[PDB]
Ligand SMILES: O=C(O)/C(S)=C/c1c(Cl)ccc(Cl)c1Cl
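This document opens with one chain alone, in structure tokens, the form deposited without the named molecule.
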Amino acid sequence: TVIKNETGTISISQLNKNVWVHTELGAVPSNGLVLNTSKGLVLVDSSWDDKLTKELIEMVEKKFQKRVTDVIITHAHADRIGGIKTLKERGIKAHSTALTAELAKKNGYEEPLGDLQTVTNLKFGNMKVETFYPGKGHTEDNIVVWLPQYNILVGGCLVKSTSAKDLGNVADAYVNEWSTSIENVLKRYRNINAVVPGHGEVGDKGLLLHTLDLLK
């Protein structure tokens, strides 16, 4: 199932009962995640800007008939933190590491909570969520999100899609450290069902291996 706005700029794609992917065209798509929990809707990343983030939120709240309560920001770039203003106005908890928090205020954005640690485990009702900082890669602050109950990994901009021949913006990247960081992810999670790249189609463990090839 894939719900979209009329222009198709925003879509939510179902992976399983309570796990959906959210994609918004900024014409450049960006992937995030939506989790339907007993404590409310939990998102992995916002969107390019406030309009899209506000529309996205109204979309999911309408679908699941519940309020978005928490959002996990994987890094301090527009496609991830572009809708911080909205979150705060709406009273939504914008989770992030302390580094992402400081880089956000540096990049000229409103400051997230800065509550997440290198390894943070959060249980939203029955939905178990793990955030993991693997080291520098796409950015110095990038983190990944893991769903141990489903063995699903949200790679963010640290992971490229299967057809990707590009690495994207590397001005703020640590290209040489990137490989080691992905190796850390491969080391931490031995059985992977699906991997969600920052942009593109959902894949599997291959997306990590493919991203390493691009880095060689």
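The first residue of the sequence shown is number 1, and the count goes up from there.
If you look for the form solved in complex with the named molecule, you will not find it shown, but the lines that follow are about it.
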| item | value |
| --- | --- |
| Site test, 22, 130 and 146 vs the named molecule in the bound PDB entry, non-hydrogen atom cutoff 4.5 Å | no |
| The single option of 34, 57, 157, 182 touching the named molecule in the bound PDB entry, heavy atom within 4.5 Å | 157 |
| Contact residue in the bound PDB entry, from 169, 151, 162, 69 (heavy atom within 4.5 Å of the named molecule) | 169 |
| Contact test in the bound PDB entry: residue 48 vs the named molecule, heavy atoms, 4.5 Å | yes |
| is_contact(residue 95, the named molecule) in the bound PDB entry, heavy atom dist at most 4.5 Å | no |
| Contact of residue 79 with the named molecule in the bound PDB entry (heavy atom, 4.5 Å) | yes |
| Non-hydrogen atom contact residue 205 with the named molecule in the bound PDB entry at 4.5 angstroms | no |
| Heavy atom contacts to the named molecule in the bound PDB entry at 4.5 Å, residues of 193-216 in sequence order | 199 |
